[PDB]
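*Asks:* Be aware that the sequence shown starts at 1, since it is given in the authors' numbering, and climbs by one per residue. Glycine is no exception: its CB is placed at the ideal position from the N, C-alpha and C atoms.
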Amino acid sequence: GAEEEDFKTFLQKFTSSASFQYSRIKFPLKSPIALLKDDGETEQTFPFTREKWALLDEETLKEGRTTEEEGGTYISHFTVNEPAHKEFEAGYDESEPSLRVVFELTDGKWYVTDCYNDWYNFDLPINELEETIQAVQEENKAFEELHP
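1) What are the partner residues of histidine 77, as DSSP defines its beta bridges?
2) Between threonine 45 and chain B, is there a C-beta pair that is closer than 8 Å?
3) Determine the DSSP secondary structure at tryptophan 53, reduced to helix, strand or coil.
4) Buried or exposed, going by whether 16 or more other CB atoms sit within 10 Å of the CB of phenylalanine 48?
5) How would you label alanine 90, buried or exposed, when you count the other beta carbons within 10 angstroms and need 16 or more for buried?
6) In terms of residue numbering, what span does the beta strand (DSSP E) encompassing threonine 45 cover?
7) Taking only the alpha-carbon atoms, compute the straight-line gap between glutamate 138 and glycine 1 and give it to the nearest angstrom.
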């Protein structure tokens, strides 16, 4: 009557199809990027659009915990059990996250509505940013050429 797309199965596509990944994501996103104007305690916001995305893997969007030698417990999961209103968090134990992905389900189709990624983390003065954008687009080509 509805038969909605599955929080598992939609993800399997998301991690293995580049154009589909992009076709699922809003433009712009509700998280403008926000960095420091090379002055310390200064506020700034950037338009989040398709041209500054970072593609994401199955070992990015998994539900589990990992171990580095030199960090600690890294977690990745959805934190929120809802039938249509789930979102995703990755980060270490006892610490803040750095990969945030809001998901929403309308019309029986999932659509990603927000983003957080360390590719435009706080340690990134706006002066260098337009090169950071282009660098993520290097890695993105190497993904999407091989993620059909």
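*Replies:* Inspection of the coordinates gives the following:
1) Answer is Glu89.
2) Absent here is chain B; the protein component of the structure consists of one chain.
3) Coil.
4) If you draw a 10 Å sphere on the C-beta of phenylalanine 48, you find 16 or more other C-beta atoms in it, and that means buried.
5) Burial call: buried.
6) No residue range can be given for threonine 45, since it is assigned to no beta strand (DSSP E) and is classified by DSSP as neither H nor E.
7) Using only the alpha carbons, I get a separation of about 43 Å.
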